[PDB]
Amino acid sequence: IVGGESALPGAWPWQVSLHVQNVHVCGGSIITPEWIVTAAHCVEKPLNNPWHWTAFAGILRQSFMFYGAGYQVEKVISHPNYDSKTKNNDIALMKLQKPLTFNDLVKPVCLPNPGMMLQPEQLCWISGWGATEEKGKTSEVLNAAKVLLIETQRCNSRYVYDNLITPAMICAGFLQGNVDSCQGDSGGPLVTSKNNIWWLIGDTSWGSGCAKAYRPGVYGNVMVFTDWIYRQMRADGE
């Protein structure tokens, strides 16, 4: 996260750090005690193997994410229509081997319902352990920042992303830059508050540079994917 601030304990209790061989690789968002929403570009081969992945919840610092303090991942499911070249349908699910214990530090975020009626420049938050500067290293501390939705019409203009933003993507950030997601934030939450509830509306998907002007962050449009998400959870339960 570029241009944000450190997060307090419990500020973003759905945020998890997803590790490959005990090293942070991607962020994710808790939606049930066992299901985590993340990005499909985090789990392309050979990272489609759940054996590699552990999730860390309720822990703000990478150095406190010890081998054995994490939840082993049992299943990794990428969106069936994920296209890596275009980044289209960039969403995935991870199922944990055992349920999380919800408390003050670990809580789920709500899946968005049809008819949220979000504002064109809805106020949102991003969080993650990504770099705080372009070309920077993974952040030791969980950060978070305020970003605004950017209408897909404006984001697809010739001087921004030039018709690369599909209906499965949403833009957020600032056309003037300075505040953005960055390398290491992939898969993490883009959330918004409405009716006094925090909703998961995006997962950090791609970008060009970090916090550069006319290159805002692009996120998977979670609203489009909820039918697929419910189908996955329903099929798992019985």
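What we label the rigid core is the largest C-alpha set whose atoms superpose within 1.5 Å from one form to the other. All residue numbers are counted from 1 along the displayed sequence.
Averaged over structures and residues, the CA distance from the shown form in 7 other deposited structures of this protein after a core fit is larger for 60 to 68, of the two stretches 60 to 68 and 194 to 202. The deposited model assigns a higher average Cα B-factor to 62 to 70 than to the other stretch when 37 to 45 and 62 to 70 are compared.
146 to 154 and 71 to 79 differ in mean CA B-factor, and the higher of the two is recorded for 146 to 154. Among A213, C26, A55, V191, the highest C-alpha B-factor recorded in the PDB entry belongs to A213. Among all modelled residues in this chain, the alpha-carbon of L18 has a temperature factor (C-alpha) in the middle third. Remark: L93 belongs to the lowest third of its chain, ranked by C-alpha B-factor as recorded.
Among all modelled residues in its chain, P50 ranks in the middle third by Cα B-factor. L123: CA B factor lies in the highest third for its chain, per the PDB record. Compared with the other modelled residues of the chain, the Cα B-factor recorded for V179 ranks in the highest third.
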